[PDB]
Each structure stands twice: as C-alpha cells, then as structure tokens.
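**Q** One structure coming up, written as structure tokens, with questions to follow.
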4 protein chains.
Amino acid sequence: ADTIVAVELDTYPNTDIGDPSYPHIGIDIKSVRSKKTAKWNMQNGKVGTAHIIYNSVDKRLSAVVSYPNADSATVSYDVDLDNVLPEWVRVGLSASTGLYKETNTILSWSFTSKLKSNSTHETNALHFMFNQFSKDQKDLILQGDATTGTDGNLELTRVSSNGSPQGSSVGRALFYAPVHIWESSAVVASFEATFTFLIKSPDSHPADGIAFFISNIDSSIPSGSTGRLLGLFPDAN
Amino acid sequence: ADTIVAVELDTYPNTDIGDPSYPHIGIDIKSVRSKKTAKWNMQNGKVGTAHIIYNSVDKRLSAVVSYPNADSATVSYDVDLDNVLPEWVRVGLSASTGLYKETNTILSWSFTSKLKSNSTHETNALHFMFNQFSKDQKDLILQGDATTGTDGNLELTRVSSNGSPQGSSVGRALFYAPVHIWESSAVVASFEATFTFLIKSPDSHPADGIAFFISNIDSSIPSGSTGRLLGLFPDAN
Amino acid sequence: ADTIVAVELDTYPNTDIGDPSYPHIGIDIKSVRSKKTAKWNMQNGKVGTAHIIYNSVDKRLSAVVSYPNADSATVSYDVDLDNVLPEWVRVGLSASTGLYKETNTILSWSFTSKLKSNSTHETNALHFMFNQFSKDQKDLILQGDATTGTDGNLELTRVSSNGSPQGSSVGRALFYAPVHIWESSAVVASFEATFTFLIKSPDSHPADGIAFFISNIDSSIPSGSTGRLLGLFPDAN
Amino acid sequence: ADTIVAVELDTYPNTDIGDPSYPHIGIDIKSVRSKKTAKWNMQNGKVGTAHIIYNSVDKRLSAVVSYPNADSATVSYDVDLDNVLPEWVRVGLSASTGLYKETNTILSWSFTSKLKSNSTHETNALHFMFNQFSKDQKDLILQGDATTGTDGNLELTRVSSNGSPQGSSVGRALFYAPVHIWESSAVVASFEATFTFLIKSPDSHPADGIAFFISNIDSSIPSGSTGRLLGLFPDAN
Ligand SMILES: O=C(NCCO[C@H]1O[C@H](CO)[C@@H](O)[C@H](O)[C@@H]1O)c1ccc(-n2cc[n+](-c3ccc(C(=O)NCCO[C@H]4O[C@H](CO)[C@@H](O)[C@H](O)[C@@H]4O)cc3)c2)cc1
Ligand SMILES: O=C(NCCO[C@H]1O[C@H](CO)[C@@H](O)[C@H](O)[C@@H]1O)c1ccc(-n2cc[n+](-c3ccc(C(=O)NCCO[C@H]4O[C@H](CO)[C@@H](O)[C@H](O)[C@@H]4O)cc3)c2)cc1
Ligand SMILES: [Ca+2]
Ligand SMILES: [Ca+2]
Ligand SMILES: [Ca+2]
Ligand SMILES: [Ca+2]
Ligand SMILES: [Mn+2]
Ligand SMILES: [Mn+2]
Ligand SMILES: [Mn+2]
Ligand SMILES: [Mn+2]
C-alpha cells in the first residue's frame, strides 16, 4: 500500500473506527485512526484556513484550523517523519463523501519545504502557491472526481452544475513535483502547507472531510476509499 | 520542433553561423543565431554566476554573467514572451561539446515565476533552489549525457572519472514541474533564474557552452544538437 | 531639500504645472513635473492595486495600477537610480487633499529590496509586508495627518468620524528601517513595492492623490506641500 | 531592566553561576542561568552555523549549532514568548570577552518574522538577510565595541589590527526596525534566525561567547556585563 502521513479535517463521526462523537481535526500516521485529534466547530458554508507545520529539530507535526472571528482548533503529534516517509514524496489534498455529502472546495493552497545541509552547509527548497486554479492545471495531478476551473477553485469531490454535492465521491490533487522531504546529511528539514476551503452541506450532517497528505510519489486513490477513509486508506486498520 | 527561448553562455565562435569572433552571451528566440550578443571573458576553471530576469511590464529579457573580481557582461532584448512561448513550459539547463570540449558543471540553480491576476487580483508562484544535487534527483528530468551526484554537482556533459571532458557530448536538466509562465488575465508575469557554473578546458579553445532555456513541456534534445547547437536547436537557421 | 523619486497616482489635473487633462499615473524624478505619465481611469470608492518594479540591469522604473476586471495603466522611465538616490534611503507612501478631497486609504503594502553580487555565492535583502496596520505600528514613522488602526488600514489624509475626507490635509508613512538601495560592488540591485488603496470622493471632483516614494533617510513633509505637491515637494519647479 | 530572551553559544564554563563544565548552547529566559543547555564541541577558528526557530503553535524555542562534517548540538525549551516578551522587540547579536578572549566574528545573519491570522486571507511579515556588512551599515545599531566593514564581517568584540582579540570587550548589533513578535489576534506567530560565526582563540582557553537575543526596543548594554554576562544581563541572578 501507499505510505500516508495526513492531517484530516474530519466532518463525520465514525465512532465504530475510533472517531470521537463530534467534527474533529487529526494527525494520521499510516492509519485513518488518528494518533491525535481535537474538537473542531466546522462552519457549514464558511471559508476556513488550515496551516500545517513540521521541523526536524522539534520532530512535531502541528495543524491549526480557524475561521474568521472564531476560536482555532490545533493538534500536535511528536513524530520523526525520517522514520515513516520515503526521502522523496508527493504532497496533496484529498476529500470524500459517502452516504452523507458536502462540497470539498479548495480556494487556495501553498506549500514550502527546505533542507539545510551538514555535509555542504547549503540549502535546497521548493515553494508553490495557487490563489487561483485554472481549467488546465498542468502542475497538479488530479485523481478520482477532482476538477479545477469552476470559479478558479479546486473541487475535490463531485458537485452538480447548480452546486449540489454528490455522495460516494472521492478525489485528490497532488503537486506534479516530487519533494525531497528529508536527508540524513541535513541540520534542519522543515515544511509548511496552507489551504483555504469551503465545506457546504444541504444536510444537518455533512461528510466526510478533507486532508492534506504526504505519500510515496506514485500514490493513487486506494480502492473503496470513499466515505470514512477520505481517499487515503484502503481500510480502517 | 520544440519552441525555445534561451540565454546562451557561448564559449566557441562559429562565425559561419552569425557568432562573433570571441566568447559571448546571447538571447536566443527560436534560433541559435542570437537576436542580441555581448562579449564575455569566460574564465577557464573559475566558478561563474548567471542571473536571468523577465517581467511582462518591461517585456525585456535580460542576463548578467559575472565572476568574482571581474567586470560583468549583460545582454537585453525586448521581446513579448506571451507571443513566443506556450502558457505552460519547462525550464532547463543545456550544454554541448563538439570537436572541442569543456566541463559544463552546474554547482547551484534557482528559479522563481509569479502571476499577479487582473480577473481575481491574486498571485500564483513557483520557486525551486538546488545548492546541492544528489545521485537520485527525482525533481529533475535528465536527458542526453547529463548526470548528478559527482561532488553534489550537475554534470551537463560527459566527464571521465579523473575529470576529463568528452567531445560530441550533449546534455540537459529540466525542472520536473511545468511552469505557468504567462496568463492573459494577469497584471505582471515575471520570472528569474540563477545558476553557478564551472567551465574548465585542458584546451586553449573550449566549446561549446551552457544555456538556460524555456520550452514546450515535452521538449527533448533535438537530433544532431551536439557542438554549436548547444542541445537546443535541430539546425543553425 | 529632500531627494525624492516617486510614482504618483494623481487624481486631480493641475494643468498649470504640467499635469495632463485627466487622472494619470506618473514617474517623478526630483520634481512634481512627471518625466512620464499615462491616462488612469481611477474608480471612485473601489479597491485598486499598485505594482512598482526596478532592476539595476535594465535601469527601468515601471508601475502598473489596476482594478478588478479593468484595463491596467502602466508607466515606465529609463533612469539609473544610483545617479539620483543616495546609497541609503527610506521608502514611503504620501497623499494630499487641497480645495478638493478624497480618502487616501491604504489596505496593504509590501516591499522587497535585494543586492546580489559576486563576493562568492551570497546576497543582501530586506522584505516587509503589511496586510493590516494597528493603532501603534512601531515599524512605521507617521508624518502630518497620517494615522493607523482604523479598520486595520493606513489613512494617509484626515477623515472625520462619520467617513468624510478633509481638505488641505497631507500625511506620509515611512518604513522605519533604512534600505541599502544601491551598492557599486553589486551585479544586480532590484526592488518591488505593491499596495492596495481605496480612493473615495463625496462628489465627482476628487484630489489630490497617492504616491509611493523613495527619499533620503531624514525626509519629512516639506512646507506648503498640500494639494498638488502630494507631500513630496516644496515647490512645483 | 531590559527584558531578554536569548540563545547562548557559551565557550567558557562559569560553574559558580550554573554553567555546565564544558562549552555549551543554552536558552536564556530573563536570566544568564540557562533554563536548558546542551554540550557543544566548539571548533577553534572554524566557521559554524546557528539556526533558531520559534512558532506560537508548539510554543517551542529551538536552536541547532553545527560545523561542516560534525554532529550538531541542539537545545529546546517550551515557553510562550507572549508571557515573556512585549508585543514589539528588537533582535540582535551580542558577544563578550573577560580574563579570556576570542574573535566573535559574524559572517552572515538572516531573520524572518510572520503573523498570520484570520481577518481574511492576509498575513504580516518582516525578513532581512546580511551576507556581507559594510563600514556604514545604517539598518544596524552597533553598541559597545561592535564594528562592521572589516572583510565584510560584523566584529562583535574588539580585535587589534594584527588579528588578536582583546579581553574585557563587549559589543552588540541590533536590527534597526522594531519587530511585531506576537499579536493576540493571530493564529500562527513564528520567527527564524540564522547566523554564521568564526570564534578564534590564541590559546586553548577561549571566552565568553555569542548570543542571538530578542529584547525591548530601547535595550542597551547593561553596566559591568563583560565576560560571563555576554552583554545581555546586569547580574547573574
Ligand atoms: O480654484 C482655484 N484653484 C484650484 C484649486 O487648487 C487647490 O486645490 C487643488 C485640488 O485639491 C490643489 O491641487 C491645489 O494645490 C490647491 O490647493 C483658484 C481660483 C482663484 C484664485 N484667485 C485668488 C485671487 N484671484 C483673482 C483675482 C482677480 C482676477 C481678475 O481680476 N480677473 C479679471 C479678468 O482678467 C483679465 O483681464 C484683466 C484686465 O484686463 C487682465 O489683467 C488679465 O490678464 C485677464 O485678461 C482673477 C482672479 C483668483 C486662486 C485659486
Ligand atoms: O580567575 C579568576 N576568575 C576567572 C576569570 O573570570 C573572568 O574572565 C572570564 C572569562 O573571560 C569571565 O567569564 C568572567 O566574567 C571574568 O571576567 C579570579 C581569581 C581570583 C580572584 N580573587 C580576587 C581576590 N582573591 C582572593 C583572595 C584571598 C584568598 C585566600 O586568602 N585564600 C586562602 C585559602 O582559603 C581557605 O582558607 C581560609 C582561611 O581558613 C578560608 O577563609 C577560606 O574559606 C578557604 O578555606 C583567595 C582569593 C581571588 C578573582 C577572580
Ligand atoms: Ca470520520
Ligand atoms: Ca558558438
Ligand atoms: Ca495633480
Ligand atoms: Ca559562561
Ligand atoms: Mn477521524
Ligand atoms: Mn552564439
Ligand atoms: Mn501629475
Ligand atoms: Mn552558559
């Protein structure tokens, strides 16, 4: 299977597979059963912001999700990603719907990665920023139901023309370029990601959520990963 | 054929195809016959620096090449790259040898591109920096004789183990990711590139040179583009 | 006498001192009498964006002023700013009202300066970005009527409690830190400034405008520089 | 009394005031008595690199000091710098000599500060980079014996014409511009500093070291702060 490190914005409580009873954010290391979760007052129809950060000095993967004029939710897990991920990865956005549904709209995505060497004492670096997405976005790999160009936004899951989200949808977008995420010969490896999202449900209960994820370069949507598996895992182990 | 916009560091005077009699730098728009050239005191065995810049306001493509403690050489050509390049390109380094030869060593390469929109008044951006190159550089597309990992440097053309450059060599390295270089809906499109290079000849006459180039995403070394064609052109037209 | 290089967004034609017959943008080298202007369809009460760029390679100062879903005004002048400016400068925003008036509201301002050279592989840089201003903004020097903190915005000129601008007002905001704007020992000196503004006038005649400027470090508002002199010049020579 | 947060590269063990028995690095919160230290194999006359990082999400100040081809020393402390620092600060480098001495040479210094929030999609930032210092560096406040321009290097403490460091010397360099280091209204506050240094001692006993520090804006060298107090503290409480 793929190797997956993910930060999940999980809108739907699957309490039979370790989810708490409320919308939550979570750090996923090779399982959909988050190693750490925190409560999250997702705001239906509002534009939200996720900030993810990692450095190799702290070995702490942290996420903060906020909306204008609200308390934030933050979650942190101590993990040494040199021991979990390959050296070269891809970075991506993933979302799903199941029996219940939501728009999984991305309005912007940025990402930075840096290696500062010990062997040569010099740095390697990648930064992208999308504030608009276009109909033909040749630096994104779109998988499953994911589309671009509707209002200059990335739609991770299937929406009708009037704007109605479909169930049993799964979708991802990956940056075209492999990223050098770690190097044993380095002093400080670090990355950050930021995206803004709009999750809108006609339902009183939306599902299933959005994740930022780091994977093997060849990662693809595992089979049957709609609903609670968020396009990231083949199963709930 | 490929579409090619190139800045050439041309070490060898092919006066039968429009070259001046001395080492020169040049701006190449779809031909090896530079639209503008300037004299260049290439320093055999010294680490040099090339800076290339473009913005959509000036529509001026400029290059500056310098060595520690020397006069610079600069060249500028007014060109509207929205009228020459496709919207999506790749960026790359190219070099060649022919009857005469030189190391075409790259020690570092950086690149930045930005679109600042008029439709949405928001910006898209890509930045990479290599200060080291590794043996398995998965964000570079290596073509022809190009290799990485020898001293953490990119060797564009074939060098023996003792360090002797071979003739009739051609080589390129392209950033894995397509770049959105222009957009009619934008207010300012701009890019810059920087690389450091070491060109060393045992000869009194080195050849053939190094180029930074922008091409169609699928660009490949045209056939017979060793020597004076620098890996960029199928012919000298 | 201060030394002033400025880009003027000039909302009011003073035809007696060289202004064209319409709202225009202009490059001002040591004089209110623009070396170069371009027609500008200023949009009353709409948020506009200004982009200024200079590089020492083309020795070309350019500006692009734009509004969402409109044509751009752009203006350009060939000038070598080391023949005009001292090595060390402050950067700022100025505005003024006269018999006629307008809000001179700045919602955001960013600035970048680099000196790259050939000592080895290292360069010198400064960058600030204000996307909101606060009531005590200690990295800004406010002069004349300029104030900050009202809706996180810089108000260059006097505005009453109930929203309406005052006549015979003049204000400026300077970045606290001096900027190394040129060095003789550098191969490429460059800078870039961006600001978003809201110019609102109660009636069809608004005055006098906004400028981005570069001055000597101890630059201050010259006497009698309200209205047409934009807070920048003592006289209209 | 100044408010001081500091990372100390401490070359001389003052065991009477809590120093460990060996050269160490240390996180100093309002006291010379480091809250946290780590062994550090200082290399006489070799160029080292210091990396400092803080983010408001982990509330974790970390430092990594390294030399080419050697193990790193790293040190980390959980501290909320809005409970310690005022909102507005200066950043600086300090060094000192006592009965014993060393060059306190800084070859380069860079610094980055960001406040991201949720007003909409905009954030506030500062960034400077010095890769060479000049004889009149107007964006630095030099204090005590600190000087610039000798081989493009910052000399924090007194060095004679013929290369040898002086005892009972103390000097500092502050960035001219105050820094907004925390805001209550922000979701992520972060900063990062990097400097390269050359510590050369004529004999086997060198003293006293270098610190990167953050202080109140009008911070100055306290009385009698040579040697073990590193230019930072009035006393060893
Ligand atoms: O709106 C203005 N100015 C614009 C507003 O400007 C402010 O606001 C602007 C916008 O905020 C800002 O840009 C500016 O910096 C400023 O603050 C303005 C208007 C009038 C002013 N002003 C002051 C005195 N006068 C006078 C006085 C006398 C005569 C006369 O006797 N005229 C008779 C006819 O003259 C003819 O017959 C005579 C006899 O045969 C001859 O002598 C003459 O040669 C001519 O043939 C005219 C004007 C005019 C001053 C400014
Ligand atoms: O190198 C130093 N310091 C290090 C250098 O430091 C500088 O340089 C460093 C490196 O640049 C820097 O870190 C520092 O901040 C500083 O600038 C240093 C060394 C000596 C100093 N100093 C000044 C006066 N004294 C005296 C005076 C008298 C006695 C005595 O009579 N000793 C007799 C034996 O004592 C015993 O018997 C007695 C009688 O029964 C009892 O009373 C006692 O209790 C004990 O049992 C000793 C010391 C010492 C001060 C500093
Ligand atoms: Ca769930
Ligand atoms: Ca040639
Ligand atoms: Ca005017
Ligand atoms: Ca000590
Ligand atoms: Mn979950
Ligand atoms: Mn040529
Ligand atoms: Mn004018
Ligand atoms: Mn200590």
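As a convention, Cβ positions derive from the backbone with ideal geometry for all residues, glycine included, and neighbour counts pool all protein chains shown. Derivation of every value follows stated rules applied to the coordinates shown; laboratory data play no part.
**Q** Under the definition of partner shielding as Cβ atoms of other protein chains within 10 Å of a residue Cβ, what is the mean value for peptide C:62-75? Can you show the working numbers first?
**A** Working: counts 5, 1, 7, 1, 7, 2, 5, 5, 1, 1, 5, 0, 5, 1.
That works out to 3 on average.
**Q** Separate question: Over the range C:59-196, what is the relative contact order in whole percent, taking alpha-carbon pairs under 8 Å and six or more residues apart?
**A** Reported relative contact order: 32 percent.
**Q** Using the C-alpha gyration tensor of the range D:191-234, what are the square roots of 5 times its eigenvalues, in whole angstrom, with the largest one first?
**A** 22, 17, 6
**Q** Among B:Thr150, A:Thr37, rank each residue by its count of other Cβ atoms within 10 Å, from fewest to most, as a rough exposure measure.
**A** B:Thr150, A:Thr37
**Q** What is the magnitude of the charge dipole of chain D about its Cα centre, with +1 placed on the Cβ of each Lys and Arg, -1 on the Cβ of each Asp and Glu, and no other charges, expressed in debye to the nearest 20?
**A** 240
**Q** If you take each beta carbon of peptide D:111-124 and count the beta carbons of other chains within 10 angstrom, what is the mean?
**A** Other-chain Cβ atoms within 10 Å of each residue's Cβ, averaged: 5.
**Q** Quick check on the range C:1-140: what does the Kirkwood estimate of hydrodynamic radius come out to from the alpha carbon pairs, in Å?
**A** 17.1
**Q** Enumerate the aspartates and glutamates that D:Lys116 could reach by cross-link, defined here as Cα to Cα under 16 Å, with residues fewer than 8 away along the same chain left out.
**A** Candidates past the 8-residue exclusion: A:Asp71, A:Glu192, D:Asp58, D:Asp82, D:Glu87, D:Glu183, D:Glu192.
**Q** Something else: Suppose a student asked you for the relative contact order of chain A, using Cα pairs under 8 Å spaced at least 6 residues apart; what percent would you report?
**A** Reported relative contact order: 30 percent.
**Q** Could you give the dipole magnitude of the range B:24-154 about its Cα centre, charging the beta-carbon of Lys and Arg +1 and that of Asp and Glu -1, in debye to the nearest 20?
**A** 260
**Q** May I pose another question? Based solely on C-alpha atoms, express the radius of gyration and the Dmax of the protein assembly as shown in angstrom.
**A** Cα only, the protein assembly as shown: 28.7, 80 Å (Rg, Dmax).
**Q** Moving on to the next point. Please give the charge dipole size of the protein assembly as shown, origin at the Cα centre, charges +1 on K and R Cβ atoms and -1 on D and E Cβ atoms. Round to the nearest 20 debye.
**A** It comes to approximately 0 debye.
**Q** Residues with beta-carbon under 13 Å from that of A:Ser66, excluding A:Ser66: net charge, scoring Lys, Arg +1 and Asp, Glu -1? If you can, show how the numbers build up before the last one.
**A** Values: positive: A:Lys46, D:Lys116; negative: A:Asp71.
That works out to +1.
**Q** Sticking with this one: Please work out the FRET efficiency for the pair C:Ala1 and C:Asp80, using the Cβ-Cβ distance as r and a Förster radius of 22 Å; give the result to the nearest 0.05. Numbers along the way, then the final one.
**A** Working: r = 20 Å, r/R0 = 0.93.
It comes out at approximately 0.60.
**Q** Tell me which of B:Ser219, B:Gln43, B:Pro178 sits at the most positive position along the dipole axis of chain B, charges placed on C-beta atoms (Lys, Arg +1; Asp, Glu -1).
**A** Positive-most Cα among the choices belongs to B:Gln43.
**Q** Further, regarding this structure: PRE reach from C:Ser184 (point 7 Å along Cα→Cβ): which of the range B:70-104 fall under 18 Å by backbone N?
**A** Residues B:70-72 fall inside that zone.
**Q** Taking H placed 1.01 Å from N in the peptide plane, check which residues at least 5 places from C:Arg158 or on another chain put their amide H under 5 Å from its amide H.
**A** C:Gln166, C:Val170
**Q** If we count every other residue with Cβ under 15 angstrom of C:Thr150's Cβ, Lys/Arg +1 and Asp/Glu -1, where does the sum land?
**A** In short, -1.
**Q** For D:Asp139, C:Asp203, what's the fewest-to-most ordering of other Cβ within 10 Å of each Cβ?
**A** So the ranking, lowest neighbour count to highest, is C:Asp203, D:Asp139.
**Q** How long are the semi-axes of the equivalent ellipsoid of chain A, taking √(5λ) for every eigenvalue λ of the Cα gyration tensor, in whole Å from largest down? Kindly include the intermediate steps, with their values, before the conclusion.
**A** On the way: eigenvalues 153, 76, 55 Å².
They are 28, 19, 17 Å, listed from largest to smallest.
**Q** Then there is this: Quick one: B:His24, D:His205, C:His121, fewest Cβ neighbours within 10 Å first, how do they rank?
**A** Fewest to most other Cβ atoms nearby, the residues stand as D:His205, C:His121, B:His24.
**Q** With the dipole of chain A worked out from charges on the C-beta (+1 for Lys and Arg, -1 for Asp and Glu) around the Cα centre, which of A:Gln143, A:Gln132, A:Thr120 lies farthest toward the positive end?
**A** So the residue we want is A:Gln132.
**Q** Quick one: Karplus J couplings for the range A:40-51, per residue in order, coefficients 6.51, -1.76, 1.60, θ = phi - 60°, nearest Hz, x for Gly and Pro?
**A** Listing the rounded values in order: 8, 7, 3, 10, 3, x, 9, 6, x, 9, 10, 10 Hz.
**Q** Still on this structure, I have one more. Around B:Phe111, with a cut-off of 12 angstrom between Cβ atoms, what is the net charge of the other residues, counting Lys and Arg +1 and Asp and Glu -1?
**A** 0
**Q** Counting only Cα, what are the radius of gyration and maximum Cα-Cα distance Dmax of the range C:99-171, in Å?
**A** Cα-based Rg and Dmax for the range C:99-171 come out at 17.0, 57 Å.
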